[PDB]
Ligand code: NA
């Protein structure tokens, strides 16, 4: 049906916008601390600590399958990246501090993303 097609075009345009958001967030991580999953070969104890690992590559896979239905879902995964790092790593570490700086800088990007999603529909 045409109504199904129109819903599919909307998901496609959300996907486009979330790709630009994902790129902008990821530029805020020039060290590439959050680029890839934590390897269970190098942090064997990770999944004892962190129940829902997340990283930018994982998000990009989901996005490319149009797997985010709304901005809230995308934000959930971005918050996992930050919040997982802030739990596993101590305050005095480069990892924790990188997560704080990503959260702060990413707030800007997500604030306008929300306005664009609401405005375009
Ligand atoms: Na901790």
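Just so you know, all these numbers are worked out from the coordinates, no wet-lab data involved. Positions of Cβ are backbone-derived with ideal geometry, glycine not excepted, and every protein chain shown enters the neighbour counts.
The table below gives the values:
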{"quantity": "Among the residues listed as 37, 30, the single one being in contact (Cβ under 8 Å) with a residue 12 or more places away in the chain and not in a helix (DSSP H, G or I)", "calculated": "37"}
{"quantity": "Looking only at the stretch 40-60, and only at residues there that are within 11 Å of the chain's Cα centre (by Cα) and in a helix (DSSP H, G or I), the one that is surrounded by the fewest Cβ atoms within 10 Å (Cβ to Cβ)", "calculated": "57"}
{"quantity": "Selection within the stretch 61-92 - crowded, with 16+ Cβ neighbours inside 10 Å, in contact with a helix residue (DSSP H, G or I) (Cβ under 6 Å, 6 or more places away or on another chain) and within 20 Å of residue 116 (Cα to Cα)", "calculated": "63, 68, 71, 74, 77"}
{"quantity": "The stretch 103-113 - residue that is within 19 Å of residue 20 (Cβ to Cβ) and surrounded by fewer than 13 Cβ atoms within 10 Å (Cβ to Cβ) and, of those, farthest from the ligand (Cβ to nearest atom)", "calculated": "112"}
{"quantity": "Selection from the stretch 74-92 of residues that are within 10 Å of the ligand (Cβ to nearest atom) and not in a helix (DSSP H, G or I)", "calculated": "89, 90, 91"}
{"quantity": "Filter result for residue 69 (within 21 Å of residue 11 (Cβ to Cβ), part of a helix (DSSP H, G or I) and either out of contact with any strand residue (DSSP E or B) (no Cβ under 7 Å at 6 or more places or on another chain) or in contact (Cβ under 8 Å) with a residue 60 or more places away in the chain (or both))", "calculated": "no"}
{"quantity": "Count of residues meeting criterion [in a helix (DSSP H, G or I) and surrounded by fewer than 18 Cβ atoms within 10 Å (Cβ to Cβ)] in the stretch 93-102", "calculated": "6"}
{"quantity": "Condition broken by residue 23, with the remaining ones in (1) more than 16 Å from the ligand (Cβ to nearest atom); (2) in a helix (DSSP H, G or I); (3) over 15 Å from the mean Cα position of the chain (by Cα) satisfied", "calculated": "(3)"}
